[PDB]
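As provided, entry-v1.pdb (PDB, C-alpha atoms and all ligand atoms) reads as follows.
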ATOM      1  CA  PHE A 186      25.480 -33.916 -47.965  1.00  0.00           C
ATOM      2  CA  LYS A 187      25.500 -35.839 -51.304  1.00  0.00           C
ATOM      3  CA  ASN A 188      22.556 -34.375 -53.219  1.00  0.00           C
ATOM      4  CA  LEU A 189      21.084 -30.938 -53.828  1.00  0.00           C
ATOM      5  CA  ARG A 190      17.455 -30.456 -54.754  1.00  0.00           C
ATOM      6  CA  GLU A 191      16.121 -27.019 -55.594  1.00  0.00           C
ATOM      7  CA  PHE A 192      12.568 -25.874 -56.193  1.00  0.00           C
ATOM      8  CA  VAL A 193      10.572 -22.781 -57.015  1.00  0.00           C
ATOM      9  CA  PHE A 194       6.996 -22.489 -55.881  1.00  0.00           C
ATOM     10  CA  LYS A 195       4.918 -19.587 -57.144  1.00  0.00           C
ATOM     11  CA  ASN A 196       1.149 -19.195 -57.276  1.00  0.00           C
ATOM     12  CA  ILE A 197      -0.203 -16.776 -59.848  1.00  0.00           C
ATOM     13  CA  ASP A 198      -3.859 -16.351 -60.817  1.00  0.00           C
ATOM     14  CA  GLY A 199      -4.773 -19.809 -59.528  1.00  0.00           C
ATOM     15  CA  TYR A 200      -1.837 -21.635 -61.140  1.00  0.00           C
ATOM     16  CA  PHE A 201       0.763 -23.222 -58.902  1.00  0.00           C
ATOM     17  CA  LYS A 202       3.987 -23.492 -60.839  1.00  0.00           C
ATOM     18  CA  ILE A 203       6.768 -25.810 -59.783  1.00  0.00           C
ATOM     19  CA  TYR A 204      10.305 -25.519 -61.122  1.00  0.00           C
ATOM     20  CA  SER A 205      13.196 -27.688 -60.066  1.00  0.00           C
ATOM     21  CA  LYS A 206      16.757 -28.890 -60.478  1.00  0.00           C
ATOM     22  CA  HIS A 207      18.696 -31.859 -59.106  1.00  0.00           C
ATOM     23  CA  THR A 208      22.481 -32.111 -58.896  1.00  0.00           C
ATOM     24  CA  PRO A 209      25.095 -34.109 -56.906  1.00  0.00           C
ATOM     25  CA  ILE A 210      27.075 -32.231 -54.267  1.00  0.00           C
ATOM     26  CA  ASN A 211      29.809 -32.826 -51.713  1.00  0.00           C
ATOM     27  CA  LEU A 212      29.316 -30.344 -48.878  1.00  0.00           C
ATOM     28  CA  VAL A 213      28.172 -30.551 -45.243  1.00  0.00           C
ATOM     29  CA  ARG A 214      27.823 -26.825 -44.630  1.00  0.00           C
ATOM     30  CA  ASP A 215      25.279 -24.876 -46.707  1.00  0.00           C
ATOM     31  CA  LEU A 216      24.217 -24.271 -50.314  1.00  0.00           C
ATOM     32  CA  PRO A 217      27.268 -24.593 -52.649  1.00  0.00           C
ATOM     33  CA  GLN A 218      28.336 -21.465 -54.479  1.00  0.00           C
ATOM     34  CA  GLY A 219      27.669 -21.729 -58.207  1.00  0.00           C
ATOM     35  CA  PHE A 220      25.007 -21.214 -60.852  1.00  0.00           C
ATOM     36  CA  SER A 221      22.275 -23.318 -62.394  1.00  0.00           C
ATOM     37  CA  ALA A 222      18.791 -22.566 -63.656  1.00  0.00           C
ATOM     38  CA  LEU A 223      15.686 -24.426 -62.585  1.00  0.00           C
ATOM     39  CA  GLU A 224      13.136 -25.634 -65.115  1.00  0.00           C
ATOM     40  CA  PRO A 225       9.327 -26.006 -64.953  1.00  0.00           C
ATOM     41  CA  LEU A 226       7.974 -29.497 -64.487  1.00  0.00           C
ATOM     42  CA  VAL A 227       4.531 -29.208 -62.944  1.00  0.00           C
ATOM     43  CA  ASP A 228       1.648 -26.754 -63.289  1.00  0.00           C
ATOM     44  CA  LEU A 229      -1.308 -27.343 -60.976  1.00  0.00           C
ATOM     45  CA  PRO A 230      -4.518 -25.310 -61.704  1.00  0.00           C
ATOM     46  CA  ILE A 231      -5.454 -25.389 -58.043  1.00  0.00           C
ATOM     47  CA  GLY A 232      -7.449 -22.187 -57.547  1.00  0.00           C
ATOM     48  CA  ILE A 233      -6.266 -22.368 -53.917  1.00  0.00           C
ATOM     49  CA  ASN A 234      -5.103 -19.335 -51.886  1.00  0.00           C
ATOM     50  CA  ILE A 235      -1.588 -19.927 -50.405  1.00  0.00           C
ATOM     51  CA  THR A 236      -0.160 -17.667 -47.725  1.00  0.00           C
ATOM     52  CA  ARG A 237       1.815 -20.154 -45.628  1.00  0.00           C
ATOM     53  CA  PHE A 238       3.677 -23.416 -46.163  1.00  0.00           C
ATOM     54  CA  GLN A 239       5.458 -26.202 -44.281  1.00  0.00           C
ATOM     55  CA  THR A 240       8.220 -28.728 -45.011  1.00  0.00           C
ATOM     56  CA  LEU A 241       7.743 -32.422 -44.215  1.00  0.00           C
ATOM     57  CA  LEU A 242      10.528 -34.825 -43.062  1.00  0.00           C
ATOM     58  CA  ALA A 263      18.676 -32.771 -43.944  1.00  0.00           C
ATOM     59  CA  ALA A 264      18.714 -28.938 -43.911  1.00  0.00           C
ATOM     60  CA  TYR A 265      16.610 -26.684 -46.107  1.00  0.00           C
ATOM     61  CA  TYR A 266      16.676 -23.042 -47.100  1.00  0.00           C
ATOM     62  CA  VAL A 267      13.869 -20.602 -47.720  1.00  0.00           C
ATOM     63  CA  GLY A 268      14.018 -17.362 -49.654  1.00  0.00           C
ATOM     64  CA  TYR A 269      11.418 -15.153 -51.275  1.00  0.00           C
ATOM     65  CA  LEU A 270      10.949 -14.142 -54.864  1.00  0.00           C
ATOM     66  CA  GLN A 271      10.761 -10.538 -56.042  1.00  0.00           C
ATOM     67  CA  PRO A 272       9.656  -8.835 -59.335  1.00  0.00           C
ATOM     68  CA  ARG A 273      13.132  -7.928 -60.504  1.00  0.00           C
ATOM     69  CA  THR A 274      14.608  -7.751 -63.987  1.00  0.00           C
ATOM     70  CA  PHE A 275      17.293 -10.211 -65.019  1.00  0.00           C
ATOM     71  CA  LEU A 276      19.546 -10.533 -68.018  1.00  0.00           C
ATOM     72  CA  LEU A 277      19.793 -14.230 -68.802  1.00  0.00           C
TER      73      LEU A 277
ATOM     74  CA  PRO B 426      -8.725 -11.044 -66.338  1.00  0.00           C
ATOM     75  CA  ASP B 427      -8.672  -7.903 -68.471  1.00  0.00           C
ATOM     76  CA  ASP B 428      -6.455  -9.717 -70.981  1.00  0.00           C
ATOM     77  CA  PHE B 429      -8.775 -12.724 -70.932  1.00  0.00           C
ATOM     78  CA  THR B 430      -8.557 -15.118 -73.841  1.00  0.00           C
ATOM     79  CA  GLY B 431     -11.499 -17.436 -74.254  1.00  0.00           C
ATOM     80  CA  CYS B 432     -15.200 -17.540 -75.170  1.00  0.00           C
ATOM     81  CA  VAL B 433     -18.279 -16.913 -72.964  1.00  0.00           C
ATOM     82  CA  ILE B 434     -21.299 -19.037 -73.745  1.00  0.00           C
ATOM     83  CA  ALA B 435     -24.661 -18.671 -72.029  1.00  0.00           C
ATOM     84  CA  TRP B 436     -28.274 -19.760 -72.348  1.00  0.00           C
ATOM     85  CA  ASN B 437     -31.588 -19.498 -70.537  1.00  0.00           C
ATOM     86  CA  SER B 438     -32.456 -22.186 -67.987  1.00  0.00           C
ATOM     87  CA  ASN B 439     -35.947 -20.932 -67.146  1.00  0.00           C
ATOM     88  CA  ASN B 440     -37.318 -24.358 -68.030  1.00  0.00           C
ATOM     89  CA  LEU B 441     -34.608 -26.215 -66.119  1.00  0.00           C
ATOM     90  CA  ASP B 442     -33.538 -24.526 -62.891  1.00  0.00           C
ATOM     91  CA  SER B 443     -36.443 -22.173 -62.163  1.00  0.00           C
ATOM     92  CA  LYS B 444     -39.207 -23.537 -59.843  1.00  0.00           C
ATOM     93  CA  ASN B 448     -35.518 -22.134 -56.875  1.00  0.00           C
ATOM     94  CA  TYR B 449     -33.415 -20.529 -54.077  1.00  0.00           C
ATOM     95  CA  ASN B 450     -30.440 -22.909 -54.221  1.00  0.00           C
ATOM     96  CA  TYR B 451     -28.153 -20.494 -56.044  1.00  0.00           C
ATOM     97  CA  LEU B 452     -26.065 -18.279 -53.779  1.00  0.00           C
ATOM     98  CA  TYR B 453     -24.070 -15.114 -54.482  1.00  0.00           C
ATOM     99  CA  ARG B 454     -22.444 -12.089 -52.755  1.00  0.00           C
ATOM    100  CA  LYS B 462      -8.635 -11.289 -58.064  1.00  0.00           C
ATOM    101  CA  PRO B 463      -9.269 -13.080 -61.483  1.00  0.00           C
ATOM    102  CA  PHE B 464     -10.484 -16.650 -61.014  1.00  0.00           C
ATOM    103  CA  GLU B 465     -10.581 -16.215 -57.226  1.00  0.00           C
ATOM    104  CA  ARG B 466     -13.109 -18.613 -55.728  1.00  0.00           C
ATOM    105  CA  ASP B 467     -14.064 -17.578 -52.199  1.00  0.00           C
ATOM    106  CA  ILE B 468     -16.397 -20.099 -50.619  1.00  0.00           C
ATOM    107  CA  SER B 469     -16.106 -18.935 -47.004  1.00  0.00           C
ATOM    108  CA  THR B 470     -19.427 -18.602 -45.092  1.00  0.00           C
TER     109      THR B 470
HETATM  110  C1  LIG C 501      -5.645 -15.317 -48.911  1.00  0.00           C
HETATM  111  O1  LIG C 501      -5.821 -15.397 -47.463  1.00  0.00           O
HETATM  112  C2  LIG C 501      -5.378 -14.184 -46.749  1.00  0.00           C
HETATM  113  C3  LIG C 501      -5.570 -14.445 -45.253  1.00  0.00           C
HETATM  114  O2  LIG C 501      -4.692 -15.456 -44.769  1.00  0.00           O
HETATM  115  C4  LIG C 501      -6.202 -12.956 -47.237  1.00  0.00           C
HETATM  116  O3  LIG C 501      -5.653 -11.787 -46.600  1.00  0.00           O
HETATM  117  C5  LIG C 501      -6.671 -10.975 -45.851  1.00  0.00           C
HETATM  118  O4  LIG C 501      -7.601 -10.266 -46.712  1.00  0.00           O
HETATM  119  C6  LIG C 501      -8.660  -9.552 -45.971  1.00  0.00           C
HETATM  120  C7  LIG C 501      -9.551  -8.894 -47.014  1.00  0.00           C
HETATM  121  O5  LIG C 501     -10.791  -8.463 -46.463  1.00  0.00           O
HETATM  122  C8  LIG C 501      -8.018  -8.514 -45.001  1.00  0.00           C
HETATM  123  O6  LIG C 501      -9.026  -7.854 -44.240  1.00  0.00           O
HETATM  124  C9  LIG C 501      -7.060  -9.260 -44.034  1.00  0.00           C
HETATM  125  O7  LIG C 501      -6.438  -8.324 -43.145  1.00  0.00           O
HETATM  126  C10 LIG C 501      -5.965  -9.990 -44.864  1.00  0.00           C
HETATM  127  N1  LIG C 501      -5.076 -10.736 -43.956  1.00  0.00           N
HETATM  128  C11 LIG C 501      -3.757 -10.596 -43.899  1.00  0.00           C
HETATM  129  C12 LIG C 501      -3.024 -11.449 -42.902  1.00  0.00           C
HETATM  130  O8  LIG C 501      -3.154  -9.793 -44.626  1.00  0.00           O
HETATM  131  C13 LIG C 501      -6.031 -12.810 -48.773  1.00  0.00           C
HETATM  132  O9  LIG C 501      -6.824 -11.702 -49.236  1.00  0.00           O
HETATM  133  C14 LIG C 501      -6.504 -14.110 -49.477  1.00  0.00           C
HETATM  134  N2  LIG C 501      -6.327 -13.989 -50.934  1.00  0.00           N
HETATM  135  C15 LIG C 501      -7.107 -14.583 -51.834  1.00  0.00           C
HETATM  136  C16 LIG C 501      -6.791 -14.360 -53.282  1.00  0.00           C
HETATM  137  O10 LIG C 501      -8.049 -15.308 -51.493  1.00  0.00           O
END
Rewrite the structure of this file - the entire thing - as structure tokens.
Amino acid sequence: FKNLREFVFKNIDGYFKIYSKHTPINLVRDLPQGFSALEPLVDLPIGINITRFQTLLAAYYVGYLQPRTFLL
Amino acid sequence: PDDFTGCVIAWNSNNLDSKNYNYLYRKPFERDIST
């Protein structure tokens, strides 16, 4: 693959927050090892309950966020 | 929210909406419209 696109989707109190980062890659296996932080771009005041999601079409990865403390 | 920031403004509509059974009722800012 040539390009990596990463996103964060979280929905708190009616606000759907989207964070992202784009970077070039050269790897045909899985997510490259390394570190980068994603930044907010979009904030949609949807008021919509989200419990499930689907990706529309190139591999993709899905993880889940947890309320953990980080030192940045 | 309990930590709500904002202002609540209200006024009587007895001379506007009253006649009227078109107003229905049963997390913060949760809008459940299921029937
Ligand atoms: C978002 O939708 C889910 C259902 O997909 C709601 O979860 C249910 O809540 C009712 C409350 O009476 C429970 O009886 C169900 O068992 C719950 N379902 C599951 C699968 O856990 C959820 O409450 C909704 N949230 C908001 C904010 O609307």
### Task
Kindly compile the residues surrounding ligand LIG 501 (chain C) within 12 Å, counting all atoms listed in the file, and format them as number ranges by chain.
A: 196-200, 232-238; B: 462-469
Write the residues of the selection above to a file with C-alpha atoms, as a short mmCIF file (atom, residue, chain, number, x, y, z; two decimals), keeping the file's coordinate frame.
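Below you can see part03.cif, which holds the result:
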data_model
loop_
_atom_site.label_atom_id
_atom_site.label_comp_id
_atom_site.auth_asym_id
_atom_site.auth_seq_id
_atom_site.Cartn_x
_atom_site.Cartn_y
_atom_site.Cartn_z
CA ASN A 196 1.15 -19.20 -57.28
CA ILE A 197 -0.20 -16.78 -59.85
CA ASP A 198 -3.86 -16.35 -60.82
CA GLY A 199 -4.77 -19.81 -59.53
CA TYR A 200 -1.84 -21.64 -61.14
CA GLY A 232 -7.45 -22.19 -57.55
CA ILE A 233 -6.27 -22.37 -53.92
CA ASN A 234 -5.10 -19.34 -51.89
CA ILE A 235 -1.59 -19.93 -50.40
CA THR A 236 -0.16 -17.67 -47.72
CA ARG A 237 1.82 -20.15 -45.63
CA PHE A 238 3.68 -23.42 -46.16
CA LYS B 462 -8.64 -11.29 -58.06
CA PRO B 463 -9.27 -13.08 -61.48
CA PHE B 464 -10.48 -16.65 -61.01
CA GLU B 465 -10.58 -16.22 -57.23
CA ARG B 466 -13.11 -18.61 -55.73
CA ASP B 467 -14.06 -17.58 -52.20
CA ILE B 468 -16.40 -20.10 -50.62
CA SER B 469 -16.11 -18.93 -47.00
#
Excluding residue A:229 and residues on its chain fewer than 2 positions from it, collect all residues at most 7 Å away from it, counting all atoms listed in the file, and give them as a compact mmCIF listing (two decimals) with C-alpha atoms, in the frame of the given file.
# COMPACT_ATOMS: atom_id res chain seq x y z
CA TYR A 200 -1.84 -21.64 -61.14
CA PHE A 201 0.76 -23.22 -58.90
CA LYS A 202 3.99 -23.49 -60.84
CA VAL A 227 4.53 -29.21 -62.94
CA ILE A 231 -5.45 -25.39 -58.04
### Query
Skipping near chain neighbours, those fewer than 2 positions away, what residues fall within 12 Å of residue A:269 using all atoms listed in the file, listed as a list in words?
residues 192, 193, 194, 195, 266, 267, 271, 272 and 273 of chain A
### Message
Can you pull out the residues contacting residue A:277? Cut-off 12 Å, using only C-alpha atoms, and skip same-chain residues under 2 positions away; I want them as a count of residues only.
### Response
5
### Task
Take atom CA of residue A:228 and atom CA of residue A:204 and report the distance between them in Å, one decimal.
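Atom CA of residue A:204 lies at a distance of 9.0 Å from atom CA of residue A:228.
The interatomic distance for the pair atom CA of residue A:217 and atom CA of residue A:205 works out to 16.2 Å.
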## Note on the structure
Pairwise distance, atom CA of residue A:223 with atom CA of residue A:189, equals 12.2 Å
